[PDB]
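Presented as structure tokens, the chain that follows is alone, the form deposited in one PDB entry.
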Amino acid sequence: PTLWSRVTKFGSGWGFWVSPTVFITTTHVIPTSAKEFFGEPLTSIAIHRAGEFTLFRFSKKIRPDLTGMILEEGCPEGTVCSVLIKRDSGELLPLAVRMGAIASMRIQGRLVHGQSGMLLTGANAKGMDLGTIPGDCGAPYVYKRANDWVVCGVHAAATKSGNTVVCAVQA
């Protein structure tokens, strides 16, 4: 029974099963041409979009093996989260991120709104296993609080230098 089984390949990135019927992802990775997802017609899926955060609610249980998890709108400033990166290589890459303020920035090309954070692997990756890449968008941000895992958003962007990351949040 694992958090990691909830992280699923989707579109140009990844998404995360909060419960048997709730899936969260980054808006820009979602296929723009589709009639169905996970074998359910789009007919029967509720979509809730807020900028770079998207939540799907399915009308039947897609992942009945899972319990429902706590989903919150970001986390307190100073919280050290983990970004749960999956790679097509087969690597699982949990990276520590110090979370900061809600903000807008022009991460490389474009403007992005969400909860800013700083990677805690420091120095420099030179070596993909200490930083994010474009293909990682949709990976979830999580932390342990009391006895429970909290999910507080999804990977939307990371600066050229790789240091600053943006976690898109609900509402």
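Definition used throughout: the rigid core is the maximal C-alpha set that superposes within 1.5 Å between two forms. All residue numbers are counted from 1 along the displayed sequence.
Of the two stretches examined, 49-57 and 100-108, the record assigns the greater average C-alpha temperature factor to 100-108. Here the stretch with the larger average CA B-factor, out of 140-148 and 120-128, is 120-128. Of the candidates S19, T25, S12, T159, the PDB record gives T159 the highest C-alpha temperature factor. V7: CA B factor lies in the lowest third for its chain, per the PDB record.
Ranked by Cα temperature factor within the chain, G78 sits in the highest third according to the deposited record. When all modelled residues of the chain are sorted by CA temperature factor, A171 is found within the highest third.
One more form of this protein should be noted, the form deposited in another entry, which is absent from this view; the next part is about it.
Summarising the superposition on the core between the shown form and the other one, the listed residues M69, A125, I62, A50 contain exactly one with a Cα shift of 2 Å or larger, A125.
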